[PDB]
Every structure is written in structure tokens, then in C-alpha cells.
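Input: a single structure, listed below in C-alpha cells.
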There are 2 protein chains.
Amino acid sequence: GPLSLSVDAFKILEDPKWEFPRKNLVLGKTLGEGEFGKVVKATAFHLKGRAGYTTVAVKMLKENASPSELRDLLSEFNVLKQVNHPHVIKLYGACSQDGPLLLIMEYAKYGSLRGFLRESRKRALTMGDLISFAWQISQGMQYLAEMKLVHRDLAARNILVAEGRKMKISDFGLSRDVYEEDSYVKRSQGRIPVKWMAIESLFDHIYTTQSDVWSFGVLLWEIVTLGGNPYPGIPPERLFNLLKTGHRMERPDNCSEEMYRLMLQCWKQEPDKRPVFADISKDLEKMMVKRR
Amino acid sequence: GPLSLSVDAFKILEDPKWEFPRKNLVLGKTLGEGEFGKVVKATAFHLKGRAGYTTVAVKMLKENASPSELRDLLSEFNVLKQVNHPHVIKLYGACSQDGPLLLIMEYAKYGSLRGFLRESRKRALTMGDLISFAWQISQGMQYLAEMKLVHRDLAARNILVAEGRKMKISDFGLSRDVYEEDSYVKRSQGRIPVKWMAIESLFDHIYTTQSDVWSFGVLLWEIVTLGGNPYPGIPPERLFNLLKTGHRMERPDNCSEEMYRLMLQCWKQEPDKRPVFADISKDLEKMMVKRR
Ligand SMILES: NC(=O)c1ccc(-c2cnn3ccc(NCc4cccnc4)nc23)cc1
Ligand SMILES: NC(=O)c1ccc(-c2cnn3ccc(NCc4cccnc4)nc23)cc1
């Protein structure tokens, strides 16, 4: 089937550019396990012409991996090979011979944005620090949108915080190319959490840059609430009726009228009425210069 | 889409037979979290005409549930409503109004068969105890096969051990009706662990009772090894080439020639060359009466 073809094609791919010797890679503690698979902290000797050990993250299959998970790992390798932007996490290489498939990723010191924000208050962050975070993520998404990639899984848990508090978009297992159609559509049910999905993704299984814009809005709410839980205390099965009847999340505490206006615009029923990421970045730039 | 229809249809379904009052249900400790969702230990007042509290398991959505997980919970409710066999875990009811979807299940004291076996040795189990376990599971599968249900996810982790060491087949989130076609086929990649999938499921996405027979064979190996890890130390992406080139798991230690013959028969390339569950039960009955 489609996966057997990908596995065989990948297993014979003689790509010295990406192939890294397993013996030069040492694995350490688990950083996280979820839908994104298993991520461990690791160190790589003589990675990408750099003398000595480089600290890296290694993504790999969890115990008892399904075709779904294997397909997502190979998909991510294929996407990240072609991506290069300071606000997207980098692939450095892979080990695909004489052991499990390992993807070697750029290390982000502070871990997930959700973790970073929940650890903090107002660590002390200003509204300007938050607008900066959102802007950095908007820039990366503008680049991905230009590359005709829909991430599909934009959320605070899928943003990494690297040295200098630099946002890195992460978890490309569900990301899809849309050069052909400017939309990605699947018959089967998606694996993106309901509470981050656009109304047209949830009802009609339609994924576009503008459904990424919806997700960014939920991410904005997560950022403004310092890692709040979206639609708190509302079961996910209620999101069908809630969204369809025109309901959205209330303006949260410590949120400007302008900032909440941006969230609401990201959650317009009609995808074409939503801003594009370039607009979002301009709206965030404007908030920054006006002062926090 | 298909899920919005299921959610709305289910949310208006006036089924007093299955609907249980939320106020009569008290949730306790988490028993497990995985692909099957979240399962908690609980107690139900005046369940199914029984006076007082009954100890039960409650299945519910994990944090940040996807459409996939919600679809699987509703699918399981629909399947277990129509199933009744002493070696299949029972649905007792559901809470679907004024809070999250909760499925109320029969409680199995000893938890997973994988856990039970790994906890034990030769707790002391005989080859007769193991053949009994396998037989009980074969009987339940014969009943499901007759009902035109393909489980798809048969493994030691998805068998429960109840009072009297009675096997209960569990985790019906991935089970599908095949009355129409005698096969279930999906375009997208499945969420069954690779190492339990039949070769025709893995390559061609074809699920039948005979692919359940393949899975039962891996379960037999799990039972005989007291919860071993199938194809140990072999990455799941190697299973394509391994299975296609005619390789299968070696006869494990403390396994009869007859018992291993049954495993191999369950893993024949050609589904029609595999035994049916009725045959499997007869082969296990024969081993029992001959003596352990
Ligand atoms: N391509 C990828 O998906 C990916 C994922 C994670 C990493 C990664 C790099 N440094 N680092 C530090 C902590 C950490 N904690 C688990 C986590 C957090 C957020 C999101 N996922 C996992 N992860 C990391 C790098 C790449
Ligand atoms: N319909 C269902 O899928 C289901 C699942 C689990 C239960 C359930 C009943 N008693 N009990 C005790 C322990 C336990 N531990 C988690 C576990 C173990 C095996 C498999 N899954 C979860 N689970 C249970 C009942 C029904």
C-alpha cells in the first residue's frame, strides 16, 4: 500500500545529506511522548560539519507503533528536509539503517510553549513578551503558507522555546502539501484535537492555510491566558453545536480589545473573512509598537 | 460530516435502556490511558435494577480528544450495545447529557492479560491455565465472527482478566461491522500496532475475521511467553520486508510443537489457509485434554 512504498523507497534512499552514523548518536532522557511520537534528548558527534558533540532532540516511534505513526514520522522527515526558517524547528539528519528510524532535530532548551507559559506569570512575562511570541509564530506560519504547507496541528504544545526565547513551530507529523489544490481533505476522521480545529475542518474535513489561521487564534488565546485550556469545562462533542450556533471563547482576563478582535477574526465562520498570516503579523507588530 | 451526524443522532437518542443518571455515578482512580482512551474505576448506584452500588469501569475521552477518538468512543458504544457473550466485556450504560460522554463497563479485577501474565511465572500459571485463557478468547472471537464483527485490535493489552480469571475481550474502538462485504477496508493508515497486523492488513488495508485470526496468533505467542514483546528488538518498519520474505517469530521457550504449529497456521500468507476460530478452539480443547 502507500506506506510499504514509502518505507521501501526511504530504506534504499542513498541520501548522504541526511543520513547520520548511528554510532555517532547517543540517546538520553525522554523529553516527551504523545501523538508526535517519542522525543529523547541526545548528543551527536560531528553533526553537519560541527567538530565535537552537539546537543540535539531525537524523534522516534513509540512502543507498538501503528502504520499511522510510521506514516507521520516519514511524512515529517520529508517535510522538514525542504523547510528552513528561524521560527521552524530544524531537521539535522536521520538514522535509517541497522536500527529503528531516528530523526535528529534542533534542541529547544525551554521545551513546549504551553509548559513555558504555565511555568510563568503576568518567570515574569509582559504583554510585549507574549505579542513577540505570537509574532514569531505568525512569521514561521507565513513562510509555511508561502511554501504551500498546512501544519493542521498549531497549538502551544506544538511550539518549542529555544535559547533567547525564540519560538520554533514543531510536530510536522500531520502537516500536508497543498500546492495542487490549496486545500487538504481526508475522508477519515483527523487526529487534531477538536478544540483547535476550524469549523470547516471539524464538519467538512477541509484543511487550508485559513484553518491554520483558526488554530493560530486558539494558540493566541493559549498565549494570552499563559497556557489556558480552550473552551474550559466544555466537552469536545459540544464543539459541533457550540461553533455552528455562532459561539466563540469569551474575552479572557488581561486581554486588550484589539488582541481579542484578532482572536475573533481568526474564528470567522467564512475562511475568506479570516486574516492571512502576513495580516496577523502586521496586527501584532502594531500592538507591540503602541506598547504592550 | 460523518461524526457531526453521529454526535447529534446520539445526543437526541432517547434510549432509557442505556442512559444512566450522572448523579448516580462516582469516578475514582485512573485504571489506564492509551489509544482506547481514558478508563477510570467507578461505582454506580442502582445500575441495571441492582440495589446499591456496583463497582464498574468508566471509559471517557482523554484530554484534547480528536474526532478520531470521539468517533471510536461512539463506535464502541454502538457495537457493545448489540454484543452479549461471557468472554466479551459488557456495556452497562452511558451518561451523554450535561457532561462529557461516559461509557459504563463491566469491571475486571485483574486488569489487562498482558499485565496479569507479566506479573506471573511458569502467581504460578500452568500450560493448562494458558491454553484455557487462549480457548476462552477463541470462544468470544467465534461469537464476534458469527455476529460479523472484525475486532482488528486483538492483543494481550486488549484482553481483561475478571473474577475467576475469566478472559473478557476489550477495546472495541477499532472494531467494524462486515455483514455486507465480509471485509473492512480503509484508504487511510490504521491505528493497530504493526506487530499484530496480518500481512494483507499491513500491505493492502484489508481487515477480515481471518486478519483477526492472524492477531490471535500473535496473542497466542504473547500468552505462551507470559506477555513477551512480539518480534523483539526488530523495528516495526522492518515487518513489511520480514513478513513478505516469509519470516515469522521463532518457536519460543516452553512451547509445544502442536502449540507453535497453531501459531504458524494463524500466520499463513493466504487468509483462507488460516484456521477459523471454531477450529482454533477445537485445537486448544485437544491440547487441554491431552494434559498441559
Ligand atoms: N519535530 C518535532 O516534532 C520535534 C519535537 C520536539 C523537539 C525538541 C527539541 N528540543 N526539545 C525539548 C523538549 C521537548 N519536549 C517534548 C515536546 C515539546 C513540544 C513538542 N513536542 C515535544 N522537545 C524538544 C524537536 C522536534
Ligand atoms: N471497553 C473497553 O475498552 C474497556 C476497557 C477497560 C475496562 C476495564 C474494566 N475493568 N478494568 C480494570 C482495569 C483496566 N485497566 C486499563 C485497561 C486494561 C486493558 C484494556 N484497556 C484498559 N481496565 C478495566 C472495561 C472496558
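Within every chain, numbering begins at 1; the chains are lettered A, B, ... in the order of the sequence lines, protein sequences first and strands thereafter. All heavy atoms count here, side chains included; hydrogens, waters and symmetry mates do not.
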Got A:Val224 and A:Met263 here, is their nearest side-chain heavy-atom distance under 4.5 Å?
yes
How would you list, by chain and number, every residue that makes a side-chain contact (heavy atoms from CB on, under 4.5 Å) with B:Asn78, sequence neighbours excluded?
B:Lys81
Of all heavy-atom pairs between A:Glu35 and B:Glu35, which one has the smallest distance, and what is that distance?
OE2-OE2, 4.2 Å
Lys/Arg-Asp/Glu bridge criterion (N-O < 4.0 Å) met for A:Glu222, A:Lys195
no
CA sep, side-chain torsions, deciding dist, call: B:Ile169, B:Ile159, side chain to side chain contact (heavy atoms under 4.5 Å, CB included):
CA-CA 5 Å; B:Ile169 298 156; B:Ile159 312 299; 4.1 Å; yes
For the side chain of A:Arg274 and the backbone of A:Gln210, is there at least one donor-acceptor N/O pair under 3.5 Å apart?
yes
Quick check against the 3.5 Å criterion: does A:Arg71 have a side-chain atom that pairs as donor or acceptor with the backbone of A:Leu74?
no
Using side chain to side chain contact (heavy atoms under 4.5 Å, CB included), reason through A:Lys38 and A:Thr30 one step at a time and then give a plain yes or no.
CA-CA 7 Å; A:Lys38 180 169 156 187; A:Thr30 296; 3.8 Å; yes
Answer whether the closest heavy-atom distance between the side chains of B:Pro67 and A:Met197 falls below 4.5 Å.
yes
Once salt bridge (charged side-chain N to carboxylate O under 4.0 Å, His left out) is applied, do any residues pair with A:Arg152, and if so which ones, sequence neighbours excluded?
none
Exercise: identify the closest heavy-atom pair between B:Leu219 and B:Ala155
CD1-C, 3.9 Å
B:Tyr207 and B:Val185, any side-chain heavy atoms less than 4.5 Å apart:
no
Hits for ring pair (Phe, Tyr, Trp, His ring centres under 6.0 Å) against A:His85, two or more places apart or cross-chain, chain-then-number order -> A:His87, A:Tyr143
Residues at least two apart in sequence or cross-chain that pass side chain to side chain donor-acceptor pair (under 3.5 Å) with B:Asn229, listed by chain then number, are B:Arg114
Listed partners of A:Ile234 passing side-chain contact (heavy atoms from CB on, under 4.5 Å), at least two apart
A:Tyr231, A:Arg238, A:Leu239, A:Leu242
Among A:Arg157, A:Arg191, A:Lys59, whose salt bridge (charged side-chain N to carboxylate O under 4.0 Å, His left out) with A:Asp171 holds?
A:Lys59
Looking at CG of B:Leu154 and CH2 of B:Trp196, how far apart are the two atoms once the value is rounded to the nearest 0.5 Å?
11.5 Å
In short, ring pair (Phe, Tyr, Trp, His ring centres under 6.0 Å) pairs touching residues 155-184 of chain A with sequence neighbours left out are A:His151-A:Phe172
Pairs in or reaching into residues 96-106 of chain A: which pass side-chain hydrogen bond (donor to acceptor under 3.5 Å, both in side chains), with residues at least two apart or in two chains?
A:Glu19-A:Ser96, A:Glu106-A:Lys168
Taking A:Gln189 for its side chain and B:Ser68 for its backbone only, find out whether a donor-acceptor pair lies under 3.5 Å.
no
B:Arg176: which residues meet the salt bridge (charged side-chain N to carboxylate O under 4.0 Å, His left out) condition with it, sequence neighbours left out?
B:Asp72
May I ask you to decide whether A:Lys268 forms a salt bridge with A:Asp272, counting only side-chain N to carboxylate O separations under 4.0 Å?
no
Would you mind reporting whether A:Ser281 and A:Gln139 have side-chain heavy atoms less than 4.5 Å apart?
yes
If only side-chain N and O atoms count, and only distance matters, is there a donor-acceptor pair under 3.5 Å linking A:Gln136 with A:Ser132?
yes
Is there a side-chain contact between A:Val7 and B:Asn241, using heavy atoms and a 4.5 Å cut-off?
no
Determine whether A:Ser188 and B:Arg187 make a side-chain contact, defined as any pair of heavy atoms from C-beta on separated by less than 4.5 Å.
no
Rounded to the nearest 0.5 Å, the CG atom of B:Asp153 sits from the CG atom of B:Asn158 at a distance of 4.5 Å
Qualifying residues under salt bridge (charged side-chain N to carboxylate O under 4.0 Å, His left out), relative to A:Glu33, sequence neighbours excluded
none
Interatomic spacing from CG in A:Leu73 to CG in A:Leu103 - rounded to 0.5 Å
4.0 Å
Sequence neighbours excluded, the answer for salt bridge (charged side-chain N to carboxylate O under 4.0 Å, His left out) partners of B:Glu69 is B:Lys62
Could you check A:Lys244 against A:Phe203 for side chain to side chain contact (heavy atoms under 4.5 Å, CB included), going step by step and ending with a plain yes or no?
CA-CA 9 Å; A:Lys244 187 192 63 197; A:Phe203 280 89; 4.0 Å; yes
For B:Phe10, give me all partners under ring pair (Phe, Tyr, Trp, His ring centres under 6.0 Å), at least two apart in sequence or on another chain.
B:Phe77
To the nearest 0.5 Å, atom CG of A:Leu61 lies from atom CG of A:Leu102 at 9.0 Å
What's the spacing between A:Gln142 CD and A:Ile280 CD1 if we round to 0.5 Å?
10.0 Å
For the side chain of A:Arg50 and the backbone of A:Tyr53, is there at least one donor-acceptor N/O pair under 3.5 Å apart?
yes
Heavy-atom closest pair, residues A:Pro235 and B:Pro100:
CG-N, 3.6 Å
If only atom types and distance count, is the side chain of B:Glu237 paired as donor or acceptor with the main-chain N or O of A:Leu101 below 3.5 Å?
yes
For the side chain of A:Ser201 and the backbone of A:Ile206, is there at least one donor-acceptor N/O pair under 3.5 Å apart?
yes
Sub-4.5 Å side-chain heavy-atom contact between B:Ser183 and B:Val178
no
Please name the pair of heavy atoms, one in A:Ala65 and one in B:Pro236, separated by the smallest distance, quoted to 0.1 Å.
CB-CG, 4.2 Å
Would you say NZ of A:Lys90 has more than 12 non-hydrogen atoms from neighbouring residues, nucleotides or ligands within 6.0 angstrom?
yes
Grab the two heavy atoms, one from A:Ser138 and one from A:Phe216, that are nearest each other, plus how far apart they are.
N-CE1, 3.8 Å
With A:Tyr107 via ring pair (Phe, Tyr, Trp, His ring centres under 6.0 Å) - residues at least two apart
none
Using 30° and 60° as the class boundaries, would you call the ring planes of B:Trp214 and B:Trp267 parallel, tilted or perpendicular?
tilted
Step by step, would you call A:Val194 with B:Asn64 a side chain to side chain contact (heavy atoms under 4.5 Å, CB included)?
CA-CA 7 Å; A:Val194 167; B:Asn64 302 336; over 6 Å; no
Please name the pair of heavy atoms, one in B:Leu149 and one in B:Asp177, separated by the smallest distance, quoted to 0.1 Å.
CD2-N, 4.3 Å
Could you tell me if the side chain of A:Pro2 sits less than 4.5 Å from the side chain of B:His205, heavy atoms only?
yes
Measure the spacing between CG of A:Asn24 and NE2 of A:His46 and express it to the nearest 0.5 Å.
8.5 Å
